[PDB]
Structure formats: C-alpha cells, structure tokens
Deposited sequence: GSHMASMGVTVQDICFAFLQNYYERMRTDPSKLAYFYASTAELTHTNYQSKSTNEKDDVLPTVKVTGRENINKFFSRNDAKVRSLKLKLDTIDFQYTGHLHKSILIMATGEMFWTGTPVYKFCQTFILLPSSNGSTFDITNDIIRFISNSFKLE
C-alpha cells in the first residue's frame, strides 16, 4: 500500500543516514532539490538549499559525523499522490529531531518521491518549529 511505501521510505531514509551519509545522495534524483539543516552555521535551526545529486552528496559527505548522529521521534505521516500520471508521492512527516547529546527540535519535513519499482527523492524540505510559548 501507499502507507507502507511511505513508512518504509521514512525508516530507510533516516536509517541510511545513520549508517552511511556518503551514500544518501543516491536515493535522490539527479536534479533533486534539498533544503536541510545547515550544519555549517533557540529551538529552531537554519536550513540551506542544495541542488543536484552531486551537491547533495558533497553536503552529506562534508557533514558525515554530524549526519550519523541524527535521531528522531516520528509522530505523524501524511501522504498524497502527485505529479505525472498521479504516480509521484508527496509525504509530510512531523516529529522531534535531535543529535547525540543535543536538545530536541520540533520539525516538519516534506518529500516528493518520483518513480524510477523504486522511487527517487526529487524534493526534501525540513522546517523547524518554534514553541508557541
């Protein structure tokens, strides 16, 4: 089911990040857009835009150690179909993210998956959410 694809995708995405950041970029389309935690820079963090699989790999690889330390509590998943022939999948996740020894950050993250049996990430945006109070 589509719910199964989404859950599997999310689990695999974050887990591959723990195991090898230098291979993460291959789950992205060649022309993918990434907006991710700016490791090169409060209950929010700045993000940075990165375009294309080569630059996405340079990003994850330069930040390997930090990327490997990423952990989360995944609270919610929403999905819809989108794109050409309604065959792509739009996914929104929310939860609380942290890295080894850091406080938690509330986040929302959106992906779009384009069919390659498999899918390539064409879009990946994270946004941190500050407390109401």
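Mapping the modelled residues onto the deposited sequence reveals missing stretches at 1-9, 51-56, 132-134, 152-154.
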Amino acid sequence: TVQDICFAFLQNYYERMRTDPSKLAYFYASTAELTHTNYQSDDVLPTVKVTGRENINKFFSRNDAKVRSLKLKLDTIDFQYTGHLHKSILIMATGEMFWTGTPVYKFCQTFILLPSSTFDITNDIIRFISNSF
From here on, numbers count along this sequence of modelled residues.
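Taking only CA atoms, the mean B-factor in the PDB entry is higher for 2-10 than for the other of 123-131 and 2-10. Among 57, 80, 41, 94, the highest C-alpha B-factor in the deposited entry belongs to 41. Residue 50: CA B factor lies in the middle third for its chain, per the PDB record. When the modelled residues of the chain are ordered by C-alpha B-factor, residue 106 sits in the lowest third. Residue 66 sits in the highest third of its chain by CA B factor, as recorded in the PDB entry. Per-chain ranking of the deposited C-alpha B factor places residue 86 in the highest third. Ranked by C-alpha B-factor against the other modelled residues of its chain, residue 17 falls in the highest third.
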